[PDB]
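A.B. asks: Please see the structure below; I have some questions.
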Amino acid sequence: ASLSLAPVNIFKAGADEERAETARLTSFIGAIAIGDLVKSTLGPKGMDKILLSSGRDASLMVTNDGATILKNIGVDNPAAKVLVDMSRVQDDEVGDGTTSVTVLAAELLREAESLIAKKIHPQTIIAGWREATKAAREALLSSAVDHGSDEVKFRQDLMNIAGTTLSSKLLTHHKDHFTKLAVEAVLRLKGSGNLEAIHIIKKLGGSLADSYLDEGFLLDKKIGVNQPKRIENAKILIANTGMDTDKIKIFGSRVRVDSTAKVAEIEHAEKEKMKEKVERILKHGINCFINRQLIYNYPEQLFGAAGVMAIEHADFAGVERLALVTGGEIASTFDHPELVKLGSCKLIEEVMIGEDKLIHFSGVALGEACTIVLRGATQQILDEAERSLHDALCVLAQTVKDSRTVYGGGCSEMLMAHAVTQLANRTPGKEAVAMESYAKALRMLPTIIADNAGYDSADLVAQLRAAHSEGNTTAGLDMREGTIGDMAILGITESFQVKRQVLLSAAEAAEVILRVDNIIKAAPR
Amino acid sequence: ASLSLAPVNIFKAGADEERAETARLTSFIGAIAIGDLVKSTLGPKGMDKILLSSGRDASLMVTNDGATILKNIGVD
Amino acid sequence: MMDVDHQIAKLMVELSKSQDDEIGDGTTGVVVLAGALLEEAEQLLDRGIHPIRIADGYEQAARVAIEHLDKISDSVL
Amino acid sequence: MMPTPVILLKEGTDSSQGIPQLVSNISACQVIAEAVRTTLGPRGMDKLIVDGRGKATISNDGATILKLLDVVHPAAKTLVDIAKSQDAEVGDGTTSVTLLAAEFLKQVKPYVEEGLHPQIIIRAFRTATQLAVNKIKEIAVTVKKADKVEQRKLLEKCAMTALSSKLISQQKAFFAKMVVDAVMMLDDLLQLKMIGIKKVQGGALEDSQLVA
Amino acid sequence: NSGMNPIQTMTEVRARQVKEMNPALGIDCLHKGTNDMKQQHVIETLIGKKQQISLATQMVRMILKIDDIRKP
Amino acid sequence: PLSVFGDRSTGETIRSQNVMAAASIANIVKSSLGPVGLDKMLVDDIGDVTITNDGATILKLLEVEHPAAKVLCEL
Amino acid sequence: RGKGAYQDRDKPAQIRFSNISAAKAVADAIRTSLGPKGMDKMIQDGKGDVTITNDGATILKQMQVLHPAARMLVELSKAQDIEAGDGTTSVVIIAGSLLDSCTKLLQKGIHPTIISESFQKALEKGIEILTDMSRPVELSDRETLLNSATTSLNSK
Amino acid sequence: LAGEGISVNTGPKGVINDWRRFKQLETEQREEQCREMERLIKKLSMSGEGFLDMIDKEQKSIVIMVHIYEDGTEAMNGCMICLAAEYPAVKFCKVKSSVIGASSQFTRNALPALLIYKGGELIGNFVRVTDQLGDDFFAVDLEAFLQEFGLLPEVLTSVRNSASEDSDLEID
Amino acid sequence: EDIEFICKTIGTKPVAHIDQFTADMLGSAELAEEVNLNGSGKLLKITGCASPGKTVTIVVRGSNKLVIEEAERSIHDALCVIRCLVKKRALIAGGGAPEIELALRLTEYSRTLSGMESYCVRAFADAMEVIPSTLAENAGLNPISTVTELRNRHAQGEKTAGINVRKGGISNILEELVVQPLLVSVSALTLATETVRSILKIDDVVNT
Ligand SMILES: Nc1ncnc2c1ncn2[C@@H]1O[C@H](COP(=O)(O)OP(=O)(O)O)[C@@H](O)[C@H]1O
Ligand SMILES: Nc1ncnc2c1ncn2[C@@H]1O[C@H](COP(=O)(O)OP(=O)(O)O)[C@@H](O)[C@H]1O
Ligand SMILES: [Mg+2]
Ligand SMILES: [Mg+2]
Ligand SMILES: [Mg+2]
Ligand SMILES: [Mg+2]
């Protein structure tokens, strides 16, 4: 019998269970719904969604990123939750491929329900999918090409990858300028992988083409009242000291005297201690002083008397970025000036961006930290531009870490599907049908890409399949007019890591979802 | 603009409509459900069905005929 | 059979029924033509034209179109 | 005012007296006149009224619009009554009477607010109306020839002028000629029941016909 | 409804009608390869078209003339 | 079409409402002008009694809802 | 090609029409508050606060619009205020009219991507035309500055 | 019966007016429900808008108590009047239960209610004070009983004295 | 937060300890007086400072609060206009002339184009025609006739022809002193086009 379909009920109120066919139906419906929702935002001609929050703040978000779409949706289907978590993990691992992996998983599960309706055990489907995944991964690895040795070829590959990443997003209007910006920003990292070193500042107003990458660095902090607003050949001292009513860390200490004169003497002693600390700081021979914490009025006045710029309340990210861009060392003690490296930059001045004033660093020494100013007409435009630029920077950093690249436009999917089919028509059993379904989903991915553009998807996919079977391993979708072209010539390139991660994550999620034959829900809280 | 998806309301209370994709989805779901219900009673090895009436009479009927099964169901 | 509550929708239904009663065919063309006429009248109204002027122009153009239809008509046995 | 355990009138009786109630009556008359204000002239526009049962009435006639309005204000009902009177005695001018009355009241409202005795205003209205009616009768143009062609033309022109404000104003000459022809065949009493009016759905206005 | 591009097809048909004097050139809904409705034998009664135009014009005139709604 | 969570008045309606509110505020105090004017009594909801002829005091003590009436009171 | 691709969904068309209708409604709302003969608006929020203003950005941000297209138009007016300072009503009216035209363009059967590129081309041409029409001005010419300030203050 | 992923989509944003109106009405009932629930069950076991916005308003540093009554209520009302005459700084007030619409158990077995509010929270919820206070005790007894818990706060002019900032300046 | 403004205006250097309080850190001023505004409050005015800073203050007075707020907004608009003159020092005629000129020139550009893009840019020009129509409206002028007259005059070569409200007609507006900076029309056009493109690249709405 069954737990729910028994004369005696074994559950508390509000708790139920779903057996084989019902659980499979619910999981498949959830997965197909998620895939259909996230798709149509895929490829160069994909559109954007509107995420209208129902909360008190009622945040409005217009986005093309699949991960952001799947994060901010009320999901009750557990399989849909699995797909959403897959997309989030994919976004964490690499910047792109969230929509691709979600759609691939949905198509795999659709083929799975078709095979189940064809009376095939799910374990056979899992085995066939494992074999197909192995074959496709081997083919993709064999198809990868590396250009890390050649500087100019690697730079061209970086530009092509940035263009391919930005083609789908809203930045495709100024793709060339934005790709130049992103490539320069990533190359300024000098091999480091911390994207936190690249700061994206969003300023309302101005055209989207007005966005630019600053040659130096921009800080959104303020300067003391009586301090210079412009210094040349600045020597920077980045600090993390208190400088705010600095108390002795002996928390059990107190002032216990018998006269107010002694209290005044102790207060003057405290002021003298602060003055001595400021003098020790000044002994380094500095022009600008940046402290992570706040700076109270007395040290600010002392700095102003010496004509030293004093930027206060620059957070951990701020001081880290300043250290990266200027080469200075973040300090907290000033008893050994000779052991502390001072940052240096050609010019510090206050610039006027929009209706706000920012501190500009020009001619920085190291420059291993970028500030990107984004200008737009709406807040939603700025947010979407920031997300797209983040995706491009993530993919570029991944390409820098691993220079292996594969061709986009469906070419990689077509070759993996061809390898899967070649494996499928070589072995007997229903595993052949499972692998055929795997290849069918892999081919359905560029089919959806072509659907999004309104082209004749069936004819284009048939031509691509014929070309890949013949031996043309670089044929793909030429999205400019709706034909098949050479992605090597057309410069449509993707990171090998992104495609491998998409394939493996989609296969993993499809396998784990297909293994479920019973969904048991506890009583909701 | 759609008949129902417009700022002005053109319907009585309770009247509804479904446009192209929604109408196709509903019709296909209904047809597939009916076909899956009537099937598995097909061929020499088909099985029968039990029809329980929700009325006061609560008539019990066991049948293999497709028309009989489809007659005694409340389809929306 | 449509269950409408807007009065203009009822007017459109009555127009279609009138076309059916008088002719029996073209009950769908009248609705589309009226909708297009009112859609164009909307953008005319946005530009500051009295609706009576729009109606008079529509009547004049309808007379011209009817005369043209009579001109280009053909007879059958 | 005191509770006065035993009260004069029935409990809940509402009484309004003085200048403010007269000003409110004038304002209500203006409100009524505004509801049919835009239906006057060849550029006039129709009004649509929906009753409780959901039936919709579309009309440019002032009397019909006022009838479909469910007025309950005692002073506002006078405008509807005089519109009905104008419709009964004449048949045209139902929009003009309400506008004229409301404009009279609006013009005399400032004098009412400053304490002018109403009897003076009433006497002035009576004198002005008598003079205006005498002037209309004096300067009205009439032709004492009884020529059939010119009398027919006068009837047709009056019909077109009375018709050039409705949705049939585009075909006002056609319907005016039809109406004059229909009226001329009435015998002596010009009874309205002698002119049948049948409405058939479908067809253009030009397809409408008069049956001899 | 036939899947063709509306504006392009209508513009081409109108241009052909202007160039060669033939008021019989219409929209090849059935994709028979020709735009001449006389050969395709697509025939409509003149009374039907006249009634369509007249009734649409009168209803549009009424709808334009209404400027007040007094629903309960 | 606007989809604004609130009521909207435009054209003659709002102008007439503003003028009516201003005229009501005027008529409130029009009876206390000149030597032949007479005072008014203002009673709170707790029974406090105020007798005055000053217009500013009368307008301050009253509760006013319409923005134009508020404008006149602050004037 | 023949029949061509068949639009299966048709819901994106409804979304575009709804967005355009919202933007057009916003423009019609702030349409009478433009020019030296424009009038002011009174806005009463959820609290008792009352605002009488002619500024387009203030009018748009003072009333909750509840529609994503209207909210994006409000953000557009705010951005125009940040960059220029005035012309906040004009830019919103321009956007509303542009989407009005987009409705007719979409009904004709034009993909809402050729429309975007064509609008970019038109914007570039219009920027060139406006630059050609412009006239140099020096800060030492007090008369031009006074005229500009008076023109700005005229509508208020 | 399929399509569990409804994804209502444009619906909520297209009918948001009615949804927000219902939300506002429900929240308006919600403040009243929260205010009345502080008395029932919490202490019972062991116009309404006027009351709501009177409790919401006024300074948190002034102790304000309210009384719930139905028509020895008269003696307690007299004692409350005497305390009001003795404590002008306090704002004694009373309100009927039927106006609040409290539970039937409170109406039937909790007629004498001594509810004290201090800054929006209940510092005292004396309910059914018949047993621990009496039926005919005077105002001084109630004052002593309330002051024993440290809740109540611790010359005469002719009639009045109160009436630009230029007070007085003789400077030439 | 007022310390920076005060120090810039007067020149006083802030003092945080009495040890450093010296005469060189004081800001000399001609006069510092507290003035009463006719019994409607008191203001303290420090007028006349040796070596004045680059700050000014505008005092706004009005009968009621609403007109004061509107006056503040209008003054801010005027200051923003002068700022727009400061950067990108270019001037154009107002009165709807730039919009009608854009409509005419973009209609010509559409006539020079082909395909569906020609229809799209023609629609763009027709949409740009709206602003002159709205300007003719709200002033009692007939919108259609006024817009047609504007278009005809601009086609005849009068680039400065615009709507005149003082004379109730069409005339040269440079003689009417109706001018605006270029970076008002240019900014509005660019931002509106970007917003329209962003809205057009949208096909679905999702509720969180
Ligand atoms: N210019 C282009 N030509 C052909 N295909 C492209 C182009 N740009 C992107 N694509 C394809 O679109 C797919 C989706 O990319 P995108 O939408 O940018 O991110 P995601 O992979 O997260 O959906 C990629 O698999 C890529 O192959
Ligand atoms: N005296 C005038 N004559 C004609 N047009 C004017 C005059 N003053 C202003 N305008 C026009 O009115 C338009 C609206 O300006 P305004 O209402 O001040 O700000 P916004 O552009 O934000 O609406 C401007 O584009 C300007 O060209
Ligand atoms: Mg991508
Ligand atoms: Mg037919
Ligand atoms: Mg008449
Ligand atoms: Mg302005």
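Determination method: electron microscopy, 2.9 Å.
A Cβ is built for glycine as well, from the same backbone N, Cα and C atoms used for every other residue.
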A.B. asks: Which residue among D:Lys67, D:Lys106 does Swiss-Prot mark as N6-acetyllysine?
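C.D. replies: Checking Swiss-Prot against D:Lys67, D:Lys106, the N6-acetyllysine entry points to D:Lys67.
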A.B. asks: Give the distance between the Cα atoms of D:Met1 (N-acetylmethionine) and D:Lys67 (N6-acetyllysine), rounded to the nearest whole Å.
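C.D. replies: Here the two Cα atoms lie 40 Å apart.
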A.B. asks: Compute the C-alpha separation of D:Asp92 (Mg(2+) binding site) from D:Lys67 (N6-acetyllysine), stating it in Å without decimals.
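C.D. replies: One finds 15 Å between the Cα atoms of these residues.
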A.B. asks: So which recorded positions out of D:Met1, D:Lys67, D:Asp92 are up against ligand 5, CB under 6 A?
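C.D. replies: Correct list: D:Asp92.
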A.B. asks: For D:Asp92 (Mg(2+) binding site), just give me the three-state DSSP call.
C.D. replies: coil
A.B. asks: Hey, which of the recorded positions D:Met1, D:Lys67, D:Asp92 is the loneliest by Cβ count within 10 Å?
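C.D. replies: Among the recorded positions D:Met1, D:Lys67, D:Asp92, the sparsest Cβ neighbourhood within 10 Å belongs to D:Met1.
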A.B. asks: Below 8 Å between Cβ atoms and chain G: which of D:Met1, D:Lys67, D:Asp92 make it? I'm asking about the recorded positions.
C.D. replies: none
